[PDB]
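There is one chain below, alone, in structure tokens, taken in the form deposited in one PDB entry.
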């Protein structure tokens, strides 16, 4: 068809980006995270206990209120790198932008404080493929395609640096207002995951890692870029950042001194200068500044893999092309 649906995104501290969706009739509105790293749609259930403070502090779905609702009740546990959520599976109509589709989705009943008490949004909308779908429920994008409608079988993401417009997702295409140049594509290693092959990470001048290829997930639901523990160690040493309990820090004023990091993808370099990978809250010689790179050990079958998260997507407007199973990149604006 010749349609395109923009979804406005809020950016909260550059770590969380979310937009609204409406479930039901008349719709209920939830804040969600559009995650290319998974394929299930889930929101909190009014049937969630207050025992969990997470539910107590999150919008909940009230099936009673939905004209269009449909019982189902299959139980489900969705497991994320950072947490787990369990609930059961309902159906209703979900409103995304100007689009509407009958979605099967989970109504969450168990949600831990760690990490959900740190989430500002309510649930998540899996932009992944059906192969990774807990319960072989069809992911929302699949359902949207079916309905014809969209001009192209792709979706794009723009993430902004927090200061304005926090970001934007375009279903059916891309916004030429939010990127410079033209896209360069990198094919999927295999279908089922949004993961491409990378063939080197350079620190400044030199390929320091992933010399003979490695994998990268392009993950819109990952705050930071991660790499295996061993690569991050190596990398940080080369940068001279230091482990501070949780993260790697650098003296604020020394931020500008760090080298550029380049990801070699599909024959091109994607370069990040320290300004893109250090959160320079100051430039004081008296303060420590945080790096938005973290180690993450992803289990097979998926990992060991690099995950290119919001850190990278802030820099490169991203296009996920389902038609050709390829991911494209252009410099954002």
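We call the rigid core the largest set of C-alpha positions that still match within 1.5 Å between the two forms. Numbering follows the first chain given and starts at 1.
In the comparison with other entries of the same protein, residue 328 is given coordinates in all of those covering both sides of it, so it never reaches the one-third threshold. In the comparison with other entries of the same protein, residue 147 is given coordinates in all of those covering both sides of it, so it never reaches the one-third threshold.
The entry shows a gap from residue 163 to residue 164, with 4 to 9 unmodelled residues of the deposited sequence in between. As recorded in the PDB entry, 296-304 is the stretch of 29-37 and 296-304 with the greater mean C-alpha temperature factor. Looking at 204-212 and 117-125 together, the entry lists the larger mean B-factor for 204-212, computed on C-alpha atoms.
Of all the options 55, 265, 291, 275, the entry's greatest CA B-factor is assigned to 55. When the C-alpha B factors of 187, 174, 220, 100 are read from the deposited coordinates, the top value falls at 100. Per-chain ranking of the deposited C-alpha B factor places residue 105 in the highest third.
The deposited CA B-factor of residue 309 belongs to the lowest third of values across its chain.
Per the PDB record, residue ranking by Cα B-factor puts residue 141 in the middle third of the chain.
Remark: residue 238 belongs to the lowest third of its chain, ranked by C-alpha B-factor as recorded. For residue 19, the recorded CA B-factor ranks within the lowest third of the chain. Only modelled residues enter the ranking.
Omitted from view is the form deposited in another entry, to which the following refers.
For the set 184, 199, 244, 234, a Cα shift of at least 2 angstroms between this form and the one not shown, after rigid core superposition, holds for 244 and for no other residue. Superposition on the rigid core between this form and the one not shown places the CA atom of residue 284 2 Å or more away from its counterpart.
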